[PDB]
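Take a look at the structure below.
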Amino acid sequence: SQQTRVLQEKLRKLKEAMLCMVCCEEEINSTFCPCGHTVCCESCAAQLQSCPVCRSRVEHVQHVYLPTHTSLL
Amino acid sequence: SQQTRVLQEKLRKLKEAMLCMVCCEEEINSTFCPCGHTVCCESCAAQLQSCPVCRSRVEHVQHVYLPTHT
Ligand SMILES: Cc1nc(-c2cccc(N)c2)no1
Ligand SMILES: [Zn+2]
Ligand SMILES: [Zn+2]
Ligand SMILES: [Zn+2]
Ligand SMILES: [Zn+2]
């Protein structure tokens, strides 16, 4: 029905919000510190000296173990 | 249709996985450091001495701004 298509869209948008904002291909699993923006995968976060959301300097990157994480397994 | 019900369930489960493992009422927005477990809201994370997932000592709590926040 039309509601099947609406639910498909909601699910797709929620899953897209879980993906790295830079590469769009890998799940978010890293936090820029100290600002706290958690919007990248580990590969993109290692290459940024400034937060892509707020432009604060990145002192270091903290890996995050989230419950929403999914993998090939 | 039955497909609408299947998608409703997938959405519900993903949203439930984003809630604090202690209170089950507030969204996750805090990380235990240095272990990195990000499973609690700010209120529940504030008084824990050890991580509720892996038992590592909590040196500090880092607030996280996630794109899934609603
Ligand atoms: C809340 C909340 N958001 C997430 C989240 C956000 C982006 C990516 C991933 N994997 C999880 N988990 O809990
Ligand atoms: Zn990336
Ligand atoms: Zn930032
Ligand atoms: Zn809580
Ligand atoms: Zn832990």
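Whatever order the structure lists them in is the order used to number ligands and atoms, beginning at 1. Order of the sequence lines sets the chain letters (A, B, ...), proteins ahead of strands, with each chain counted from 1. Just so you know, these numbers use all the heavy atoms, side chains as well, and skip hydrogens, waters and symmetry mates.
- Residues B/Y65 and A/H37 place their aromatic rings such that the two centres sit under 6.0 Å apart.
- Checking A/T4 against B/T4 by side-chain atom types alone, a donor-acceptor pair falls below 3.5 Å.
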Audit row: A/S30, A/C41, side chain to side chain contact (heavy atoms under 4.5 Å, CB included) steps and yes/no: CA-CA 6 Å; A/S30 304; A/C41 74; 5.8 Å; no
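- Distances below 4.0 Å separate heavy atoms of A/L66 from the following atoms of ligand 1: 9 (C), 10 (N), 11 (C), 12 (N).
- Taking 2.8 Å as the criterion, B/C24 does not count as a coordinating residue of the Zn ion (ligand 4), since none of its N, O or S atoms falls below it.
- Taking 2.8 Å as the criterion, B/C40 does not count as a coordinating residue of the Zn ion (ligand 4), since none of its N, O or S atoms falls below it.
- For the residue pair B/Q2/B/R5, the side-chain donor-acceptor check at 3.5 Å is satisfied.
- Side-chain atoms of A/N29 and A/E42 include a donor-acceptor pair closer than 3.5 Å.
- Annotation: side chain of B/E26 is not in contact with side chain of B/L19 (no heavy-atom distance under 4.5 Å).
- Side-chain atoms of A/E27 and A/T70 include a donor-acceptor pair closer than 3.5 Å.
- The single protein non-hydrogen atom nearest to atom 7 (C) of ligand 1 is A/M18 CA, 3.7 Å, given as residue, atom name and distance.
- The SG atom of B/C35, the Zn ion (ligand 5) and the ND1 atom of B/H37 define an angle of 110° (nearest 10 degrees).
- Close approach of ligand 1 to A/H69 (heavy-atom distance below 4.0 Å) involves ligand atoms 10 (N).
- At the shortest separation from atom 2 (C) of ligand 1 among protein heavy atoms lies B/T68 OG1, 3.3 Å.
- Looking only at protein heavy atoms, the nearest one to atom 10 (N) of ligand 1 is A/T68 OG1, 3.2 Å.
- The Zn ion (ligand 4) lies at the vertex of an angle of 110° between the SG atom of B/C41 and the SG atom of B/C23 (rounded to 10°).
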